[PDB]
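Breakdown of the fold
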Amino acid sequence: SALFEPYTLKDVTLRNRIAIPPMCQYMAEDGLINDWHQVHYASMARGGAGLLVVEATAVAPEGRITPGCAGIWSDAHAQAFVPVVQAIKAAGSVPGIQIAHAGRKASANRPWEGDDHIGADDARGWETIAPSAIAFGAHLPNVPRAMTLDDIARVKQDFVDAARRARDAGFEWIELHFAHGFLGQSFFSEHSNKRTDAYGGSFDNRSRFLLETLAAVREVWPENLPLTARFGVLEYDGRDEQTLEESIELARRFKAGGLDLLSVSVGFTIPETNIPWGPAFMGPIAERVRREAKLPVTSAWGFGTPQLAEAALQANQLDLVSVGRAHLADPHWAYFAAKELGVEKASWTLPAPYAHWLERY
Amino acid sequence: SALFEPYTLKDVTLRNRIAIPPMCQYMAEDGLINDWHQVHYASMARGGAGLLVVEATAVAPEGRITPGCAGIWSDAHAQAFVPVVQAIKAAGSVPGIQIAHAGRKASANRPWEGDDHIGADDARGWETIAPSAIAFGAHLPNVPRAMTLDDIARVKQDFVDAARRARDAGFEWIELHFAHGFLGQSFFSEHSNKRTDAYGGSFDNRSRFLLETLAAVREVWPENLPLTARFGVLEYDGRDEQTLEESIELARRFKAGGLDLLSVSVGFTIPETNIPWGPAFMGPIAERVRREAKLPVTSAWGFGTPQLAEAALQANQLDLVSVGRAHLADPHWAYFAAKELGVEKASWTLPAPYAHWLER
Ligand SMILES: Cc1cc2nc3c(=O)[nH]c(=O)nc-3n(C[C@H](O)[C@H](O)[C@H](O)COP(=O)(O)O)c2cc1C
Ligand SMILES: Cc1cc2nc3c(=O)[nH]c(=O)nc-3n(C[C@H](O)[C@H](O)[C@H](O)COP(=O)(O)O)c2cc1C
Ligand SMILES: CCOC(=O)/C(=N\O)C(=O)CC
Ligand SMILES: CCOC(=O)/C(=N\O)C(=O)CC
Ligand SMILES: CCOC(=O)/C(=N\O)C(=O)CC
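Residues numbered from 1 in each chain as written, not as in the entry; some residues may be left out. Chains lettered and ligands numbered in written order. Heavy atoms only, no water.

As documented in the archive entry, the model was determined using X-ray crystallography at 1.35 Å resolution.

As structure tokens, then:
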């Protein structure tokens, strides 16, 4: 089964092609993770996935999405991740982390607590930042302040500091969150970036924040550990042909800047779109990025059945299959997949205290 | 769905009828649980089960099955369970514990490391105790030492101390392990109990260790928290009708002694048996014990599908359905069952960080 072949990238070897993509839990306090996260991540790692990318972790307080988001903006925040890193490794999985800045989508309620921008008189809310003073709209009406050049320098340094903290906490894989309408994606998109300086306008200028952030992180993140990014390559906004061509060109420049693998996603930069949700719908687009930019890729958004995952690997559309919600439903999804794909000794996808009994069940 | 109706026993209310029965993990060291157990129990509790009975926990070192078994024979051992109690409660489940003594089946290798008695030359092993100096046989050939009267008093006190520790660690449900061929079951069974003193021979004498242990635990375990036991009610040894009748009579005595619920199982006292493994096969026997002894019951051994579990409750064969191996496969099995049984807002069987997204 292709899904259960190992994968080597730099000094990291994953035991299979099942990756758990970053999934915010909204359970942190002042950026500090706790026993929610410890059990959540350790249990999924024991389930058999080869790579576990920890949820979007804010590089700065105002870069959280919500008051429940994890942060890594201080050394104390980084130290809180050490037991998570070590528990993932103890389970035989590889610990990664996505470092992030929510941009104009920040200062929002948890999804089950309204999912919308926090009211201005609520002490929990904060002023958001973005390339331009333009609101997302819909449930996120707050207008961000437009970043200064000093803000751009500061946020880049926050990404650098976060990457060095992640390295010292023991993460073996890093993902820069340049997708999903957050700060990096919003610098790239003409919908959200109306700047008139070196960071807006032309393709080079709109790419600049992302390329400079990557280059600054590349200095501090080790060459021997995968340096990855998540990027929304189209918006489903009626501009898909031109946006794909630009996004693929940016992927080529990411590769020239030392990126090892690209997590291919959707932009979600504005609400006025028509995303054609369906099983494995990103497969063909991820394959085009992989082939045209000549970089390994992962993707998500509907690959969460064993056969869909296997087919995407056999078609060389992906190098790793990211399976998110299925792992919230069943932390042992990798074992479920091993059974469904007929892996020999499938129960030994799990540790011995489970595997021994399930072999004979 | 009957499987998702709450259950009240004494002061405890379970959010549904799904119980996770005790399942040894073989991952402790010197009786002390660790990160293996912490994540294992917390994750299953978040999965939605209403009751989580922690694995057989030895009341004394020689009462472990293996060198990896949990213990509660000191106050430090009990404190190690506190974070497990807290995590189970934080998930909205109810924490229970099975306290145990493996008797002649003790001093064995872990199941994936041979599953057999540790050899006499191997310093990891220890001398085992039992009612009589007679081996289980098969893969457990070591002949135990027959307990002295002082040994019997000591083991009873160990059960008392274990129950007191479980109480003060915050467990809300206790289960005495009188099943599965271990010490308590082996006092009851004529196969293993050849004693000629007050603890063997007649029905009263064979029951005595179990009834005295229950009574001693009763003096320390709170009246307002369920006091339960697991007991093998037949062996499938060609003596089933007589063994069932006297096991049910003992259950009546347990009831009179304050037992709140009986986990009905098989004896496993000797290897020479013919157990008819199959889906929900214990249903009819559990129902007979429940009805004849007038005690609430749970059982296991093949109820691990949503429809089998639901059917057993609708038929009033069980009060709680114990689902073991399915929770090792999927620690969110209760959520899987809620979906299968058409529970409204089934995803909210899980906590919010999962439930919100799975609803959509
Ligand atoms: C609860 C939840 C939280 C998420 N948080 C993140 C995140 O922190 N960073 C990110 O890039 N994507 C995040 N996503 C998107 C997922 O990584 C993934 O792309 C999505 O769940 C689709 O994959 P699936 O169909 O296998 O669930 C999240 C998704 C969910 C359901
Ligand atoms: C790994 C494992 C460990 C077990 N440990 C215990 C135990 O500590 N105490 C006990 O009374 N039964 C124990 N059992 C028996 C189970 O509680 C249960 O009766 C059995 O798994 C059958 O239920 P199931 O068909 O739902 O798995 C164990 C079973 C398994 C698979
Ligand atoms: C809908 C696109 O946005 C996401 O997938 C997401 N959370 O839901 C994140 O990226 C959190 C950082
Ligand atoms: C300096 C080179 O940049 C370009 O010419 C360009 N657009 O202006 C593209 O590459 C389109 C993606
Ligand atoms: C023979 C059946 O015995 C069991 O089910 C069991 N473990 O497998 C225990 O009870 C451990 C205390």
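Further remarks concern the UniProt feature "domain: NADH:flavin oxidoreductase/NADH oxidase N-terminal" (unreviewed entry) in chain A. Summarizing the sequence annotation, UniProt attributes the feature "domain: NADH:flavin oxidoreductase/NADH oxidase N-terminal" (unreviewed entry) to residues 3-340 of chain A in the numbering used throughout. In residues 3-340 of chain A, the share of helix is 36% and the share of strand is 15%. The end C-alpha atoms are 11 Å apart. (UniProt positions renumbered as here; feature names shortened; annotations may be inferred. Helix = DSSP H or I, 4+ residues; strand = E, 2+ residues; numbered from the N terminus.)

Residue and element names in this part refer to chain B. According to UniProt, the feature "binding site: FMN" (unreviewed entry) maps to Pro 22, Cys 24, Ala 56, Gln 98, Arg 230, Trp 301, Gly 302, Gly 324 and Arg 325 in the numbering used here. Along the chain, the position of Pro 22 falls in the loop between β3 (18-20) and α1 (35-46). Once residues lying within four places of it in the same chain are set aside, the contact partners of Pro 22 are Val 53, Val 54, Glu 55, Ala 56, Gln 98, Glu 175 and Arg 230. Take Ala 56: it is sitting in strand β4 (residues 51-58). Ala 56 sits in the buried class, given a relative accessible area of 12%. (Contact = heavy atoms within 4.5 Å. Buried < 20%, exposed > 50% of the residue type's maximum accessible area, 1.4 Å probe, protein only.)

With that settled, consider the sheet that holds strand β12 (residues 320-322) of chain A. Residue and element names in this part refer to chain A. Reading around the circumference, β3-β4-β5-β8-β9-β10-β11-β12 is the order of the eight strands in this closed barrel, with parallel pairing throughout. For this sheet the average axis-to-axis angle between neighbouring strands, irrespective of direction, equals 25 degrees. As judged from the two bridges shared by strand β3 (residues 18-20) and β12, these two strands associate in the parallel manner. In the strand pairing of β12, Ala 19 is matched with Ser 322. Against the sheet, helix α3 (residues 149-169) contacts β5 (94-100) and β8 (173-178), and its axis sits at roughly 165 degrees relative to β5. (Pairing = 2+ DSSP bridges. Axes fitted to C-alpha atoms, helices over the stretch in contact; angles between N-to-C directions.)

All right, on to the interface of chain A and chain B then. With 29 residues of chain A at the interface, the matching set in chain B holds 30 residues. Summed over both partners, the interface of chain A with chain B buries about 2800 Å², with 70% contributed by carbon and sulfur atoms. At the boundary of chain A and chain B, one finds zero salt bridges. Viewed at the interface, chain B and chain A are joined by 11 residue pairs in polar contact. Of all the secondary-structure elements, those providing two or more residues to the side of chain A that touches chain B are α1 (35-46), α9 (325-329) and α11 (352-359) of chain A. Per-element accounting of the side of chain A that touches chain B gives the leading share, seven residues, to α1 of chain A. A breakdown of the residues in the side of chain A that touches chain B according to their chemical character gives 20 nonpolar, five polar and four charged. (Buried area = accessible area lost by both parts, 1.4 Å probe. Salt bridge = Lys/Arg side-chain N within 4 Å of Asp/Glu carboxyl O. Polar contact = N/O pair within 3.5 Å; in protein donor to acceptor, adjacent residues only side chain to side chain. Nonpolar A, V, L, I, M, F, W, Y, C, P; charged D, E, K, R; others polar.)

So, about the site of ligand 1. Lining the immediate surroundings of ligand 1 are 17 residues, of which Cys 24, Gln 98, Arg 230, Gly 324 and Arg 325 of chain A lie closest. Those chains with residues close to ligand 1 are chains A and B. Here a nitrogen atom of ligand 1 sits 2.8 Å away from a polar atom, N or O, in the side chain of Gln 98 of chain A. Compared with its free state, where it exposes 600 Å², ligand 1 has 93% of that area covered by protein. The residue inventory of the shell around ligand 1, partitioned by class, reads nine nonpolar, six polar and two charged. (Near = heavy atom within 4 Å. Areas by Shrake-Rupley, 256 points an atom, 1.4 Å probe, with all protein chains shown as cover.)

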